[PDB]
Every structure is written in structure tokens, then in C-alpha cells.
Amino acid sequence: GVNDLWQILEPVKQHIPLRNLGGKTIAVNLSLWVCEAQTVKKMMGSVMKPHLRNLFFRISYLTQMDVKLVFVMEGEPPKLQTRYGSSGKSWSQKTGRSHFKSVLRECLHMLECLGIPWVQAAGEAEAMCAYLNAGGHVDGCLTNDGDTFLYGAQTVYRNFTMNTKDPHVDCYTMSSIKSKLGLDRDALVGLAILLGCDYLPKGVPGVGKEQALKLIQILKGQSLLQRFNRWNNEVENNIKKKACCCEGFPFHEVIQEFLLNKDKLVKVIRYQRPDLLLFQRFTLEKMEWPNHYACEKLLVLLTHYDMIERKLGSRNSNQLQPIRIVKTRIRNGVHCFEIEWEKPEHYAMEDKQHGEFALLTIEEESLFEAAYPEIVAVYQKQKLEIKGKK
């Protein structure tokens, strides 16, 4: 968490709407989402836990945008005693941390119900995100604020929001940082050194406004030049650097903390079909969702998963079967079909007599045609029949 680093990286950031993330895989810092949900203050009298709710609806929206996800489960930080409130040990602090971990466990449970993979990070989640990105396992890393670039990530997405107007993420690519700003990974690390990180809150003595001028000065290397100083215009910025030298270079250990990679993968990242029964059970006992409501909310994820599998070329009997195409529709400028489906196993209906009429979705024409070309074919046949009739 460098002070003012995002401001430094602002000229490179690009406003990217969420729909434009289709076909991309993103690692998600689950902890940041859970804390963000904890920050909600509106529902004072009825503060139902929005950690699970926001997680689910974000997952649903991104899934409908053809965005696959893998969630990173935070581990233990490597480094942390003033015998005050400042020390993390305290009943309210400890028990609160236990509650946070419990919420994380529940979120993991819902991820398993949805069939979405989650990995285990050794330490900070950001490190595992950058590990997935650098390893080609994901296309981007989603974080409101973090040192993901310092852990070696190439692409970072920021400021996620689902506002009806302007759903977007601010994108930061490493290549455009090295080209437009001329900042390599080591340059970012050293910038985090003089400006301070989540480990070091101090931005002083270096003002930081002239550190960019130092980066303009030297083009070859960054950290090595901080190294020769231990053996030790230019004299003046080096004088402020001397004000940093009286500190004694305690941040070297932080450097090697950023550069060392401890994260590993135990199992291949895999996606499974959402479990309708397990999802009804979980949402019922954890969020007090009626079974019919949980089914109604999960239907779009079931249809999306099955359509994806059929497009991949694998078809099984357990997949959902469309009864018919009702009519063509348009959703946010996208051409879609209104699909009436057949009632799947363990699906709960609100209306006893008409629930089977109620089973309905709206799917993108492209993906639905890839999944059920026969259904699309008979619909287009009926359209040829109406145009031929008149």
C-alpha cells in the first residue's frame, strides 16, 4: 500500500467497462471483498451479512459477462508489541479477526456450491494474485488497492463497481507503465521503498515529487543505485537521500519480501457445475433465502455453465433442456433469446400451479445458438414461416 502510488499510475489507467472483460480470467482478493461488504453502514436495524450476497451477485453478473474467476484465500503475513491498543492482541481485535476468518470460510463454502475455484495463498493474497497472473493462470488481478505489481503482476484491475450507469474497472498494464511512464518492476519496488508500503507507513524523508525526477535521471538501473549508497542536482537529491541514509536501510528485508515467491499450486484450477441443492441449503441456512428464490437466482448460472459446456462440445443428459425460444429480446444492446426451460431436478417453485411457466431466462444469441443449434433452427424456421406468410 504505497502512499500516492495510484496517483502516480493514473495517466496509464484505462476505464474498461465490465462487458469488455469477456473471455478473460481474473484473480480476486476475497478478503478485500469481504471487508468492503463489512464497510456497509446503511442497513442499521437489519444488517444481514452482505459478504455472501455481494459475492454471489458479483459472481453472477461477471459470469453473465463471460468472465471466469478464481478467488485467492489469504494466508498469514510474514511480519507483524507496545503493550497498548496498537498491538493487535486484544479481545475485541482477536475475536473480530476470528469472525473475519469465519466469514472467509463461509465464502469459500459458497464458492464450492457454485463450483468456482479458490486457491490458498501462503501469505498476502496479492502475492498469490500476481503469482497467478505471472504464471498465465489468470488474465488479470482485481484489487481496490495493493502491491500486486510489486509481486510481479502484469495486469491489475481496480475500482470494481456495478452501478447501472458506468459499470467498469480501471485497468493498469505493466507494459504501458514501462512505455508511457518508464517504470520497471524494480523501479516500482524502490518507489515503494522511499514512499513507504503497507509495511512502512512513512513517506518521508523523500518527498516523492523528485523521486520521479531521479527516475528520469537514471535509465539503466534502480535498486543497484540504492545499493552503492551503503558503500557511499545529484548532490542535492542525494542529500535528501542522505536524510534517508541516516535511517540505516532497514527496508532491504522488505525488498526481499517483495521479490521472494512462496506461493504454489496444489491442484489444477477447475470449474464445476453449480449445485442447486447445496446452494439452496447454503443460502437458506446462511442468508435465509427461500429455496425457490435461490433456484431463481441460480438458474442463470446453471444455463450459462451448460451452454458453455455444449459450446465446448460436451453434451450430457443432466444438462438443462430448453422447451422453446419465446421471442428475441435486447439487453443492454445485446441480442438475446427469451428461453423457457424444463424444470431441473431439485428445483423449487414459488407458484404451485404456474411455477413451470415461471422458469424463464434471457441468454445471448451467440452462446445459445452455439449450445442448442436445433432450437435456434426451429425458431428461425418459424420466422421464415411468418415472413413467407406475409
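The first residue of the shown sequence is 1; numbering continues from there.
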{"item": "Between neighbours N233 and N232, residues that the deposited sequence lists but the model omits", "value": "10 or more"}
{"item": "Unmodelled deposited residues between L80 and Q81, binned", "value": "4 to 9"}
{"item": "Residue stretch of maximal mean CA temperature factor, 172 to 180 vs 120 to 128", "value": "172 to 180"}
{"item": "Stretch with the higher entry mean CA B-factor, where the candidates are 318 to 326 and 346 to 354", "value": "346 to 354"}
{"item": "Selection by C-alpha B-factor (highest) of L219, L277, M162, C107", "value": "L219"}
{"item": "Criterion, highest CA B-factor; candidates, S366, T25, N20, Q382", "value": "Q382"}
{"item": "Chain-relative CA temperature factor third for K89", "value": "middle"}
{"item": "B-factor third for the C-alpha atom of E309 within its chain", "value": "middle"}
{"item": "CA B-factor placement of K41, once the chain's modelled residues are sorted into thirds", "value": "middle"}
{"item": "Entry-reported Cα temperature factor of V47, expressed as the chain third it lands in", "value": "highest"}
{"item": "Ranked C-alpha temperature factor of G115 among modelled chain residues, by third", "value": "lowest"}
